[PDB]
>>> print(open('query_4.txt').read())   # compact mmCIF, C-alpha atoms and all ligand atoms
# COMPACT_ATOMS: atom_id res chain seq x y z
CA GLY A 1 1.19 -15.95 15.06
CA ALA A 2 4.84 -16.88 15.21
CA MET A 3 5.78 -15.71 11.74
CA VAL A 4 5.00 -12.99 9.30
CA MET A 5 2.61 -13.83 6.45
CA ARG A 6 4.08 -14.71 3.10
CA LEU A 7 3.02 -12.65 0.10
CA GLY A 8 0.60 -15.38 -1.07
CA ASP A 9 -1.07 -15.42 2.37
CA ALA A 10 -1.42 -11.62 2.33
CA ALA A 11 -2.83 -11.62 -1.20
CA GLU A 12 -5.29 -14.34 -0.45
CA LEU A 13 -6.36 -12.51 2.74
CA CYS A 14 -7.01 -9.37 0.73
CA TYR A 15 -9.00 -11.28 -1.87
CA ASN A 16 -11.09 -12.91 0.87
CA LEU A 17 -11.76 -9.69 2.73
CA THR A 18 -12.61 -7.82 -0.47
CA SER A 19 -14.94 -10.61 -1.54
CA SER A 20 -16.59 -10.59 1.88
CA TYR A 21 -17.14 -6.83 1.64
CA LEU A 22 -18.71 -7.29 -1.82
CA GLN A 23 -21.12 -9.85 -0.32
CA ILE A 24 -22.52 -7.44 2.28
CA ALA A 25 -26.25 -6.97 1.65
CA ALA A 26 -26.42 -3.21 1.62
CA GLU A 27 -29.26 -0.87 0.65
CA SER A 28 -28.94 0.88 -2.73
CA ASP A 29 -28.60 4.33 -1.05
CA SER A 30 -25.93 3.26 1.41
CA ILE A 31 -22.27 4.07 1.74
CA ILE A 32 -21.46 0.36 1.65
CA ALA A 33 -23.28 -0.12 -1.67
CA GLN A 34 -21.43 2.86 -3.11
CA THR A 35 -18.13 1.43 -1.86
CA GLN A 36 -18.93 -1.94 -3.49
CA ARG A 37 -19.38 -0.13 -6.77
CA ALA A 38 -16.08 1.67 -6.22
CA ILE A 39 -14.33 -1.65 -5.59
CA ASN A 40 -15.71 -3.11 -8.76
CA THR A 41 -14.50 -0.14 -10.82
CA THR A 42 -11.03 -0.38 -9.27
CA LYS A 43 -10.94 -4.11 -9.95
CA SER A 44 -11.87 -3.57 -13.59
CA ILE A 45 -9.09 -1.03 -14.02
CA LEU A 46 -6.47 -3.39 -12.57
CA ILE A 47 -7.70 -6.74 -13.96
CA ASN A 48 -8.92 -5.62 -17.41
CA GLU A 49 -6.77 -2.62 -18.20
CA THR A 50 -3.56 -2.81 -16.18
CA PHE A 51 -2.24 -6.33 -15.61
CA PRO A 52 -2.70 -7.46 -19.25
CA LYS A 53 -0.44 -4.52 -20.33
CA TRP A 54 2.22 -4.40 -17.57
CA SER A 55 3.47 -7.24 -15.41
CA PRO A 56 2.99 -6.90 -11.67
CA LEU A 57 5.39 -9.83 -11.24
CA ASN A 58 8.62 -8.81 -12.90
CA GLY A 59 9.25 -5.25 -11.73
CA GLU A 60 7.44 -3.41 -14.53
CA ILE A 61 5.02 -2.07 -11.89
CA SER A 62 6.00 -0.48 -8.59
CA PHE A 63 3.53 0.54 -5.96
CA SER A 64 3.81 4.05 -4.39
CA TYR A 65 3.11 3.79 -0.66
CA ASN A 66 3.40 6.13 2.31
CA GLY A 67 1.21 4.30 4.82
CA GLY A 68 -1.78 6.55 4.54
CA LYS A 69 -5.41 5.49 4.34
CA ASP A 70 -5.81 5.86 0.57
CA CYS A 71 -2.75 4.03 -0.57
CA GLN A 72 -3.42 1.43 2.14
CA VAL A 73 -6.95 0.78 0.78
CA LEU A 74 -5.47 0.64 -2.70
CA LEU A 75 -2.77 -1.80 -1.58
CA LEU A 76 -5.46 -4.12 -0.16
CA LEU A 77 -7.40 -3.93 -3.41
CA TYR A 78 -4.22 -4.37 -5.48
CA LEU A 79 -3.24 -7.52 -3.56
CA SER A 80 -6.81 -8.82 -3.95
CA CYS A 81 -6.59 -8.22 -7.68
CA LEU A 82 -3.24 -10.02 -7.99
CA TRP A 83 -4.81 -13.05 -6.33
CA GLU A 84 -7.92 -12.84 -8.49
CA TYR A 85 -5.99 -12.33 -11.74
CA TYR A 86 -3.53 -15.18 -11.29
CA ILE A 87 -5.18 -17.71 -8.96
CA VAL A 88 -8.89 -17.34 -9.53
CA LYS A 89 -8.93 -16.38 -13.21
CA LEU A 90 -5.82 -18.50 -14.09
CA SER A 91 -4.24 -15.72 -16.19
CA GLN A 92 -0.99 -16.43 -18.02
CA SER A 93 2.37 -15.48 -16.49
CA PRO A 103 7.41 -17.17 -7.41
CA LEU A 104 7.03 -13.53 -6.30
CA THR A 105 8.11 -13.20 -2.66
CA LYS A 106 7.79 -9.38 -2.19
CA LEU A 107 5.85 -6.60 -3.87
CA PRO A 108 8.01 -3.80 -5.38
CA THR A 109 7.12 -0.63 -3.45
CA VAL A 110 8.42 2.94 -3.35
CA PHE A 111 8.15 5.51 -0.58
CA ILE A 112 9.43 9.09 -0.98
CA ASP A 113 10.72 9.93 2.51
CA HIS A 114 11.14 13.50 3.78
CA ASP A 115 12.74 15.11 6.78
CA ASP A 116 9.31 16.33 8.00
CA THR A 117 7.42 13.04 7.78
CA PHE A 118 5.54 11.99 10.95
CA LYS A 119 7.49 9.42 12.96
CA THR A 120 4.20 7.51 13.40
CA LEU A 121 4.00 7.21 9.63
CA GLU A 122 7.62 6.14 9.27
CA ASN A 123 6.95 3.37 11.86
CA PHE A 124 3.70 2.36 10.23
CA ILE A 125 5.32 2.09 6.79
CA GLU A 126 8.03 -0.14 8.20
CA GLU A 127 5.63 -2.41 10.09
CA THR A 128 3.15 -2.71 7.22
CA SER A 129 6.00 -3.40 4.80
CA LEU A 130 6.67 -6.46 6.97
CA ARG A 131 3.02 -7.44 7.17
CA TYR A 132 2.33 -7.10 3.42
CA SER A 133 5.73 -8.44 2.20
CA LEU A 134 6.62 -5.16 0.49
CA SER A 135 10.05 -4.79 -1.08
CA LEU A 136 10.41 -1.24 0.04
CA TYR A 137 12.59 1.37 -1.61
CA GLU A 138 12.75 4.54 0.49
CA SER A 139 14.20 7.72 -0.96
CA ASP A 140 16.80 9.61 1.05
CA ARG A 141 15.06 11.47 3.93
CA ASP A 142 17.86 13.99 4.23
CA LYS A 143 18.33 14.84 0.55
CA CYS A 144 16.70 18.07 -0.62
CA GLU A 145 15.01 17.08 -3.88
CA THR A 146 11.56 17.30 -5.51
CA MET A 147 9.28 14.25 -5.75
CA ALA A 148 10.05 14.08 -9.50
CA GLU A 149 13.77 14.08 -8.75
CA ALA A 150 13.40 11.33 -6.16
CA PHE A 151 11.51 9.25 -8.71
CA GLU A 152 14.19 9.95 -11.34
CA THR A 153 16.74 8.36 -9.02
CA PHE A 154 14.38 5.46 -8.35
CA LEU A 155 14.04 4.79 -12.08
CA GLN A 156 17.84 4.81 -12.48
CA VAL A 157 18.02 2.06 -9.89
CA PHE A 158 15.08 0.19 -11.40
CA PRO A 159 15.06 0.95 -15.14
CA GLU A 160 12.67 -1.95 -15.78
CA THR A 161 9.89 0.13 -14.17
CA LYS A 162 7.24 1.12 -16.64
CA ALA A 163 4.34 2.07 -14.41
CA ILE A 164 3.72 3.14 -10.79
CA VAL A 165 0.51 2.74 -8.82
CA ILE A 166 -0.71 5.83 -6.94
CA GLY A 167 -3.60 6.13 -4.42
CA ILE A 168 -4.63 9.61 -5.56
CA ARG A 169 -8.31 10.55 -5.68
CA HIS A 170 -10.13 13.13 -7.82
CA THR A 171 -10.93 15.04 -4.63
CA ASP A 172 -7.20 15.49 -3.89
CA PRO A 173 -5.43 18.68 -5.01
CA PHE A 174 -4.92 18.67 -8.77
CA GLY A 175 -6.97 15.50 -9.00
CA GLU A 176 -9.78 16.77 -11.20
CA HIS A 177 -8.29 15.92 -14.58
CA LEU A 178 -6.43 12.73 -13.71
CA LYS A 179 -7.11 9.47 -15.55
CA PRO A 180 -6.80 5.87 -14.44
CA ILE A 181 -3.88 5.16 -16.74
CA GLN A 182 -1.80 8.03 -18.09
CA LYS A 183 1.77 9.16 -18.62
CA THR A 184 3.59 11.44 -16.25
CA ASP A 185 4.01 15.10 -17.20
CA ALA A 186 7.00 16.33 -19.24
CA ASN A 187 8.95 17.59 -16.25
CA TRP A 188 8.77 14.19 -14.54
CA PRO A 189 10.69 11.00 -15.28
CA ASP A 190 8.81 9.10 -17.99
CA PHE A 191 6.49 6.35 -16.75
CA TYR A 192 2.80 5.52 -16.62
CA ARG A 193 0.77 6.56 -13.64
CA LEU A 194 -1.71 3.86 -12.58
CA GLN A 195 -4.42 5.63 -10.64
CA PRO A 196 -7.17 3.09 -9.93
CA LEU A 197 -8.61 4.85 -6.83
CA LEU A 198 -9.61 8.12 -8.46
CA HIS A 199 -13.38 7.64 -8.03
CA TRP A 200 -13.20 6.83 -4.30
CA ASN A 201 -14.54 9.34 -1.81
CA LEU A 202 -13.70 9.66 1.84
CA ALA A 203 -16.72 7.74 3.12
CA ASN A 204 -15.82 4.80 0.87
CA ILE A 205 -12.22 4.78 2.12
CA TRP A 206 -13.30 4.64 5.77
CA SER A 207 -15.95 2.03 5.24
CA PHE A 208 -13.65 -0.40 3.51
CA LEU A 209 -10.59 0.28 5.64
CA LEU A 210 -12.52 -0.18 8.89
CA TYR A 211 -14.20 -3.37 7.68
CA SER A 212 -10.86 -4.79 6.62
CA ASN A 213 -9.60 -5.16 10.18
CA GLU A 214 -6.14 -4.15 8.99
CA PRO A 215 -4.04 -1.97 11.27
CA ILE A 216 -4.64 1.73 10.33
CA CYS A 217 -2.06 4.47 10.94
CA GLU A 218 -2.92 5.61 14.44
CA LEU A 219 -2.79 9.29 13.60
CA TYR A 220 -6.27 8.82 12.16
CA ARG A 221 -7.52 7.46 15.50
CA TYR A 222 -6.45 10.76 17.10
CA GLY A 223 -8.51 12.94 14.73
CA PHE A 224 -6.31 13.37 11.64
CA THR A 225 -8.04 12.92 8.30
CA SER A 226 -5.16 13.75 5.96
CA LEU A 227 -1.48 13.25 6.62
CA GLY A 228 0.72 16.03 5.39
CA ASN A 229 4.02 17.01 6.99
CA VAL A 230 4.64 17.18 10.75
CA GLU A 231 4.60 20.96 10.94
CA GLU A 232 1.53 21.71 8.81
CA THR A 233 -0.82 18.86 9.75
CA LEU A 234 -3.29 19.02 12.62
CA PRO A 235 -6.25 16.98 13.79
CA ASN A 236 -9.26 18.06 11.77
CA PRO A 237 -11.02 21.08 13.44
CA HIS A 238 -14.41 19.76 12.27
CA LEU A 239 -13.79 16.75 14.55
CA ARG A 240 -13.08 18.80 17.68
CA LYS A 241 -15.20 17.72 20.65
CA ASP A 242 -17.09 20.43 22.44
CA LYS A 243 -19.94 20.80 24.88
CA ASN A 244 -21.95 23.26 22.78
CA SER A 245 -22.11 21.78 19.28
CA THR A 246 -24.08 18.86 17.91
CA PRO A 247 -22.24 15.56 18.66
CA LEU A 248 -21.05 13.70 15.65
CA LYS A 249 -22.61 10.43 14.59
CA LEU A 250 -20.65 7.47 13.28
CA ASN A 251 -21.48 6.08 9.83
CA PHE A 252 -19.32 2.96 10.20
CA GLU A 253 -20.56 1.19 13.33
CA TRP A 254 -21.58 -1.86 11.34
CA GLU A 255 -18.23 -2.17 9.59
CA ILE A 256 -16.27 -1.95 12.86
CA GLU A 257 -18.58 -4.41 14.66
CA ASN A 258 -18.54 -6.85 11.75
CA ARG A 259 -14.98 -6.37 10.64
CA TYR A 260 -13.27 -9.26 8.89
CA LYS A 261 -12.05 -11.86 11.36
CA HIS A 262 -8.51 -13.14 11.54
CA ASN A 263 -6.94 -16.48 12.32
CA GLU A 264 -3.51 -17.43 13.51
CA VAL A 265 -1.87 -16.71 10.14
CA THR A 266 -3.64 -13.40 9.47
CA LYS A 267 -3.90 -11.83 12.91
CA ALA A 268 -2.43 -8.34 13.16
CA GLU A 269 0.29 -7.06 15.55
CA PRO A 270 -0.40 -3.55 17.02
CA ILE A 271 1.19 -0.63 15.25
CA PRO A 272 1.14 2.07 17.90
CA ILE A 273 1.39 5.85 17.53
CA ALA A 274 4.93 7.11 18.02
CA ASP A 275 5.70 8.62 21.37
CA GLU A 276 6.82 11.91 19.86
CA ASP A 277 3.48 12.36 18.06
CA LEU A 278 1.44 11.28 21.06
CA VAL A 279 3.11 14.01 23.17
CA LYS A 280 2.22 16.56 20.57
CA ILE A 281 -1.42 15.46 20.29
CA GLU A 282 -2.02 15.03 24.00
CA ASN A 283 -0.81 18.63 24.60
CA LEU A 284 -3.41 20.17 22.41
CA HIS A 285 -5.91 21.16 24.97
CA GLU A 286 -8.71 19.81 22.77
CA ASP A 287 -9.87 16.32 21.99
CA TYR A 288 -11.03 15.03 18.61
CA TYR A 289 -13.20 12.29 17.21
CA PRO A 290 -11.26 9.83 15.12
CA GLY A 291 -10.90 10.65 11.41
CA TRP A 292 -13.65 8.28 10.34
CA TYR A 293 -16.22 10.65 11.85
CA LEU A 294 -15.47 12.85 8.79
CA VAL A 295 -17.25 11.92 5.57
CA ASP A 296 -17.20 15.30 3.76
CA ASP A 297 -14.44 15.35 1.14
CA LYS A 298 -14.44 19.15 1.08
CA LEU A 299 -13.16 19.10 4.64
CA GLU A 300 -10.55 16.32 4.33
CA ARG A 301 -7.62 18.76 4.36
CA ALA A 302 -9.02 21.15 6.99
CA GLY A 303 -6.50 20.11 9.59
CA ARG A 304 -3.68 22.40 8.52
CA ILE A 305 -1.80 25.30 10.08
CA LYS A 306 -2.93 28.67 8.78
CA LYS A 307 -0.50 30.29 6.35
CA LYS A 308 -0.55 33.77 4.79
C1 LIG B 401 4.42 7.80 -8.75
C2 LIG B 401 3.95 9.23 -8.81
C3 LIG B 401 3.92 9.90 -10.03
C4 LIG B 401 3.47 11.21 -10.10
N1 LIG B 401 3.49 11.88 -11.34
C5 LIG B 401 3.00 13.18 -11.38
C6 LIG B 401 2.99 13.88 -12.59
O1 LIG B 401 3.38 13.38 -13.66
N2 LIG B 401 2.54 15.18 -12.58
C7 LIG B 401 2.13 15.79 -11.45
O2 LIG B 401 1.75 16.98 -11.53
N3 LIG B 401 2.13 15.12 -10.27
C8 LIG B 401 2.61 13.84 -10.21
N4 LIG B 401 2.56 13.18 -9.02
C9 LIG B 401 2.16 13.90 -7.75
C10 LIG B 401 0.79 13.42 -7.27
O3 LIG B 401 -0.18 13.77 -8.25
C11 LIG B 401 0.44 14.05 -5.91
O4 LIG B 401 0.45 15.45 -6.09
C12 LIG B 401 1.49 13.64 -4.85
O5 LIG B 401 1.56 12.22 -4.75
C13 LIG B 401 1.23 14.18 -3.45
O6 LIG B 401 -0.08 13.75 -3.09
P1 LIG B 401 -0.89 14.54 -1.96
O7 LIG B 401 0.06 14.59 -0.96
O8 LIG B 401 -1.51 15.83 -2.43
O9 LIG B 401 -2.07 13.58 -1.54
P2 LIG B 401 -2.19 12.28 -0.65
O10 LIG B 401 -3.65 12.05 -0.63
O11 LIG B 401 -1.45 12.37 0.67
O12 LIG B 401 -1.39 11.19 -1.53
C14 LIG B 401 -1.98 10.69 -2.73
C15 LIG B 401 -1.18 9.49 -3.19
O13 LIG B 401 0.13 9.86 -3.58
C16 LIG B 401 1.09 8.85 -3.20
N5 LIG B 401 2.01 9.50 -2.28
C17 LIG B 401 1.86 10.69 -1.61
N6 LIG B 401 3.01 10.92 -0.91
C18 LIG B 401 3.87 9.90 -1.12
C19 LIG B 401 5.15 9.61 -0.67
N7 LIG B 401 5.82 10.41 0.15
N8 LIG B 401 5.74 8.46 -1.13
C20 LIG B 401 5.08 7.64 -1.97
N9 LIG B 401 3.83 7.89 -2.43
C21 LIG B 401 3.25 9.02 -1.99
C22 LIG B 401 0.30 7.72 -2.50
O14 LIG B 401 0.04 6.70 -3.50
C23 LIG B 401 -0.93 8.47 -2.07
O15 LIG B 401 -2.02 7.60 -1.85
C24 LIG B 401 3.02 11.88 -8.95
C25 LIG B 401 3.06 11.21 -7.72
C26 LIG B 401 3.51 9.90 -7.65
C27 LIG B 401 3.52 9.22 -6.30
MG MG B 402 -4.85 10.64 0.23
MG MG B 403 16.33 6.26 4.53
MG MG B 404 -1.22 13.05 2.54
>>> encode(input="query_4.txt", output="structure tokens")
Amino acid sequence: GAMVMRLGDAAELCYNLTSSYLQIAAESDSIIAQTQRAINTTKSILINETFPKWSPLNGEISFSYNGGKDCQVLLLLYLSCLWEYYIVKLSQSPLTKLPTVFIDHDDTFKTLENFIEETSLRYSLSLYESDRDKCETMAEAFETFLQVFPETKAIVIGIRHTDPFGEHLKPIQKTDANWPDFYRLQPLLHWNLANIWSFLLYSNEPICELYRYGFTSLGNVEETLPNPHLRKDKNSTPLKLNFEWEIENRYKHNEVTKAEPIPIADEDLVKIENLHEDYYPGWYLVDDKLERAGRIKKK
């Protein structure tokens, strides 16, 4: 409509859409049923283990966000859990913006930069962005962040066990010794790729449009390609879509919640359209072993 949602509207939206997903009558061997179970585990981590220990309201928690599919799903679930914890469950504790941190780099996709900005508006994020043109490690960028915000005790991260170095991660654990000292809150670890697509497509939230063009994992602009397993060709078996129901039945909006388009950036569209190959969108990939296949070959 005429104005951006307030944080309470966004949180209530996320609670309603998550609740609606949980009410889908899905077969016990389905992706949707598995995703419902994943939601419930994430909710337990946030509602039972996280919020009672660290305040999401007063700056003790910041949310790490770069606009990708995994941290976007987590943000939706996190907003749902804020609403459930405080409004539905009446837990003891107004917040206008959610403290958020993005580590920006000189080789980030322009589409992602745009999508982070536009979703920060939609979700009422209070967005800290590290310096794009400073050469520094992620740990060093977070050390600066913690100097600015020394009240921060914990940061939410949308990492999954299937990501590199994800095997041994835990839902709540300290950073390593060579990092600034804070707790990592990692409530998405048990999600797999099929779960991410199912929920994100059902949500009817805007999704970074690189995924529409066949990306399944967003690394830097030089290394990242559309996923080769999603290349269209005349000779191979055509891919089938596992998420037709979710797209057809995606959560409906009203005048407050309707979403403005977040288009692909022109500079990325030129690049993609000049591959001489076309790709299915990323949600045609459900094999976690192949999530990072769209990368330039290195020696
Ligand atoms: C707050 C935080 C604390 C960390 N602490 C440790 C640590 O103690 N030891 C260690 O070895 N590694 C640490 N890491 C690194 C982390 O484990 C991943 O290796 C890193 O986020 C890059 O992820 P990826 O690109 O492989 O995967 P992706 O799947 O692309 O990203 C996984 C998640 O990382 C976060 N993320 C990735 N890139 C950015 C970015 N540019 N800005 C903000 N968030 C981003 C998002 O929440 C995202 O969902 C930390 C990362 C973060 C964000
Ligand atoms: Mg990811
Ligand atoms: Mg900047
Ligand atoms: Mg990535």
>>> residues_near_ligand(input="query_4.txt", ligand="ligand MG 402 (chain B)", cutoff="9 Å", atoms="all atoms listed in the file", output="MDAnalysis selection string")
chainID A and resid 68:71 167:169 171:172 225:227
>>> closest_atom_pairs(input="query_4.txt", of="chain A", to="ligand LIG 401 (chain B)", cutoff="9 Å", atoms="all atoms listed in the file", output="tab-separated table")
residue	atom	partner	partner_atom	distance
A:62	CA	B:LIG401	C1	8.4
A:63	CA	B:LIG401	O14	7.5
A:64	CA	B:LIG401	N9	4.3
A:65	CA	B:LIG401	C20	4.5
A:66	CA	B:LIG401	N8	4.8
A:67	CA	B:LIG401	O15	8.1
A:68	CA	B:LIG401	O15	6.5
A:69	CA	B:LIG401	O15	7.4
A:70	CA	B:LIG401	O15	4.8
A:71	CA	B:LIG401	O15	3.9
A:72	CA	B:LIG401	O15	7.5
A:73	CA	B:LIG401	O15	8.8
A:74	CA	B:LIG401	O15	7.8
A:109	CA	B:LIG401	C20	8.6
A:110	CA	B:LIG401	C20	5.9
A:111	CA	B:LIG401	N8	3.8
A:112	CA	B:LIG401	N8	3.7
A:113	CA	B:LIG401	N7	5.5
A:114	CA	B:LIG401	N7	7.1
A:117	CA	B:LIG401	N7	8.2
A:138	CA	B:LIG401	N8	8.2
A:139	CA	B:LIG401	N8	8.5
A:147	CA	B:LIG401	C25	7.2
A:148	CA	B:LIG401	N1	7.2
A:151	CA	B:LIG401	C1	7.2
A:163	CA	B:LIG401	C1	8.1
A:164	CA	B:LIG401	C1	5.1
A:165	CA	B:LIG401	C1	6.4
A:166	CA	B:LIG401	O14	3.6
A:167	CA	B:LIG401	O15	3.4
A:168	CA	B:LIG401	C14	4.0
A:169	CA	B:LIG401	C14	7.0
A:171	CA	B:LIG401	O10	8.8
A:172	CA	B:LIG401	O8	5.9
A:173	CA	B:LIG401	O8	5.5
A:174	CA	B:LIG401	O4	6.8
A:175	CA	B:LIG401	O3	7.0
A:178	CA	B:LIG401	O3	8.4
A:182	CA	B:LIG401	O1	8.7
A:183	CA	B:LIG401	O1	6.7
A:184	CA	B:LIG401	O1	3.2
A:185	CA	B:LIG401	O1	4.0
A:186	CA	B:LIG401	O1	7.3
A:187	CA	B:LIG401	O1	7.4
A:188	CA	B:LIG401	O1	5.5
A:189	CA	B:LIG401	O1	7.9
A:190	CA	B:LIG401	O1	8.2
A:191	CA	B:LIG401	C3	8.0
A:192	CA	B:LIG401	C3	8.0
A:193	CA	B:LIG401	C3	5.8
A:194	CA	B:LIG401	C1	8.2
A:195	CA	B:LIG401	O14	8.5
A:197	CA	B:LIG401	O15	8.7
A:226	CA	B:LIG401	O11	6.6
A:227	CA	B:LIG401	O11	6.0
A:228	CA	B:LIG401	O11	6.4
>>> closest_residue(input="query_4.txt", among="A:229, A:212, A:246, A:258", to="residue A:120", atoms="all atoms listed in the file")
A:229
>>> residues_near_point(input="query_4.txt", point="(-23.0, 2.4, 7.8)", cutoff="9 Å", atoms="all atoms listed in the file", output="ChimeraX atom specification")
/A:30-32,207,250-255
>>> atom_distance(input="query_4.txt", atom1="atom CA of residue A:217", atom2="atom CA of residue A:124")
6.2 Å
>>> residues_around(input="query_4.txt", residues="residue A:307", least_positions_apart="2", cutoff="12 Å", atoms="only C-alpha atoms", output="list in words")
residues 231, 232, 233, 304 and 305 of chain A
>>> write_last_selection(input="query_4.txt", atoms="C-alpha atoms", output="PDB file, keeping the file's coordinate frame")
ATOM      1  CA  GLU A 231       4.600  20.960  10.940  1.00  0.00           C
ATOM      2  CA  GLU A 232       1.530  21.710   8.810  1.00  0.00           C
ATOM      3  CA  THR A 233      -0.820  18.860   9.750  1.00  0.00           C
ATOM      4  CA  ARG A 304      -3.680  22.400   8.520  1.00  0.00           C
ATOM      5  CA  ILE A 305      -1.800  25.300  10.080  1.00  0.00           C
TER       6      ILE A 305
END
>>> closest_residue(input="query_4.txt", among="A:119, A:89, A:37, A:262", to="residue A:280", atoms="only C-alpha atoms")
A:119
>>> atom_distance(input="query_4.txt", atom1="atom CA of residue A:265", atom2="atom CA of residue A:90")
24.6 Å
>>> residues_around(input="query_4.txt", residues="residue A:288", least_positions_apart="4", cutoff="6 Å", atoms="only C-alpha atoms", output="PyMOL selection string")
chain A and resi 223+239-241
>>> axis_aligned_box(input="query_4.txt", around="stretch 163-178 of chain A", padding_each_side="5 Å", output="lines of an AutoDock Vina configuration file")
center_x = -3.3
center_y = 10.4
center_z = -9.2
size_x = 25.3
size_y = 26.6
size_z = 20.7
>>> residues_around(input="query_4.txt", residues="stretch 9-21 of chain A", least_positions_apart="6", cutoff="10 Å", atoms="all atoms listed in the file", output="MDAnalysis selection string")
chainID A and resid 32:33 35:36 39 75:84 87:88 131:133 207:208 211:214 255 259:262 265:266
>>> write_last_selection(input="query_4.txt", atoms="C-alpha atoms", output="mmCIF file, in the frame of the given file")
data_model
loop_
_atom_site.group_PDB
_atom_site.id
_atom_site.type_symbol
_atom_site.label_atom_id
_atom_site.label_comp_id
_atom_site.auth_asym_id
_atom_site.auth_seq_id
_atom_site.Cartn_x
_atom_site.Cartn_y
_atom_site.Cartn_z
ATOM 1 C CA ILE A 32 -21.460 0.360 1.650
ATOM 2 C CA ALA A 33 -23.280 -0.120 -1.670
ATOM 3 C CA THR A 35 -18.130 1.430 -1.860
ATOM 4 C CA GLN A 36 -18.930 -1.940 -3.490
ATOM 5 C CA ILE A 39 -14.330 -1.650 -5.590
ATOM 6 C CA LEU A 75 -2.770 -1.800 -1.580
ATOM 7 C CA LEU A 76 -5.460 -4.120 -0.160
ATOM 8 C CA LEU A 77 -7.400 -3.930 -3.410
ATOM 9 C CA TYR A 78 -4.220 -4.370 -5.480
ATOM 10 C CA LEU A 79 -3.240 -7.520 -3.560
ATOM 11 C CA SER A 80 -6.810 -8.820 -3.950
ATOM 12 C CA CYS A 81 -6.590 -8.220 -7.680
ATOM 13 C CA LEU A 82 -3.240 -10.020 -7.990
ATOM 14 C CA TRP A 83 -4.810 -13.050 -6.330
ATOM 15 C CA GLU A 84 -7.920 -12.840 -8.490
ATOM 16 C CA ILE A 87 -5.180 -17.710 -8.960
ATOM 17 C CA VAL A 88 -8.890 -17.340 -9.530
ATOM 18 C CA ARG A 131 3.020 -7.440 7.170
ATOM 19 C CA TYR A 132 2.330 -7.100 3.420
ATOM 20 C CA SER A 133 5.730 -8.440 2.200
ATOM 21 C CA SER A 207 -15.950 2.030 5.240
ATOM 22 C CA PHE A 208 -13.650 -0.400 3.510
ATOM 23 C CA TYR A 211 -14.200 -3.370 7.680
ATOM 24 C CA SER A 212 -10.860 -4.790 6.620
ATOM 25 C CA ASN A 213 -9.600 -5.160 10.180
ATOM 26 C CA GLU A 214 -6.140 -4.150 8.990
ATOM 27 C CA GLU A 255 -18.230 -2.170 9.590
ATOM 28 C CA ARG A 259 -14.980 -6.370 10.640
ATOM 29 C CA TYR A 260 -13.270 -9.260 8.890
ATOM 30 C CA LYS A 261 -12.050 -11.860 11.360
ATOM 31 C CA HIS A 262 -8.510 -13.140 11.540
ATOM 32 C CA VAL A 265 -1.870 -16.710 10.140
ATOM 33 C CA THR A 266 -3.640 -13.400 9.470
#
>>> closest_residue(input="query_4.txt", among="A:122, A:277, A:300, A:218", to="ligand MG 404 (chain B)", atoms="only C-alpha atoms and all ligand atoms")
A:300
>>> closest_residue(input="query_4.txt", among="A:234, A:136, A:47, A:256", to="ligand MG 403 (chain B)", atoms="only C-alpha atoms and all ligand atoms")
A:136
>>> atom_distance(input="query_4.txt", atom1="atom CA of residue A:4", atom2="atom CA of residue A:123")
16.7 Å
>>> closest_residue(input="query_4.txt", among="A:162, A:42, A:126, A:196", to="ligand MG 403 (chain B)", atoms="only C-alpha atoms and all ligand atoms")
A:126
